[PDB]
């Protein structure tokens, strides 16, 4: 069936929200409260995807770190009555995105898959960012692929097809793995397999995610270890 598994990373494998909440509360200290900062974090994620959505239609690529920084600065202006931050603090706050921890199933799941499949990241994050998160989130890849290599973000066909060309495999022999349906739907359009990972805590203990029904994608799992089971990979020691 498949030769390689292509992974979305942010949210799919990493809990970005907990880190950005705790990191921002560490940096800003007594100057911001949980509900103020949590509301900021949630609008920040929206601003990034809205800018990335705009860039895809326009067929342009830019530093994704710069996207995060630009949208944070815009949000800090909105909240300028409540608190402020220096340029250095804006840099440290923006760095939170590159210190993500992975969900607890991920490292054992990724290793268990490596016995039958090549495992690569295909991320919209900049190349250096995914390399950096790899250390804090304990990710170990066969290859790292980023929108920066292709000059185009997912859901663009160029990213999935370029990933397949670089890997030397037909798109039909890629299983694409993601906790975001848009990413899986685009991969299906190039012939790739689809595997959805439910992440109920991706947007916090409250706040819900897509209750995906069975049969929309080829697999629907609650962990990478579970996906590995269904792909004929044995459990580790």
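Residue numbers count along the first chain shown, from 1.
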71 to 79 versus 125 to 133 - which carries the larger mean C-alpha B factor in the record: 71 to 79
Mean CA B-factor: is it higher for 170 to 178 or for 59 to 67? 59 to 67
Of the three thirds of Cα B-factor ranks in this chain, residue 193 occupies the lowest
With respect to C-alpha B-factor, does residue 45 fall in the lowest, middle or highest third of the chain as deposited? middle
Can you tell me whether residue 11 has a C-alpha B-factor in the lowest, middle or highest third compared with the other modelled residues of the same chain? lowest
What third of its chain, lowest, middle or highest, does the C-alpha temperature factor of residue 165 fall into? middle
Residue 117 - which third its CA temperature factor falls in, relative to the rest of the chain: middle
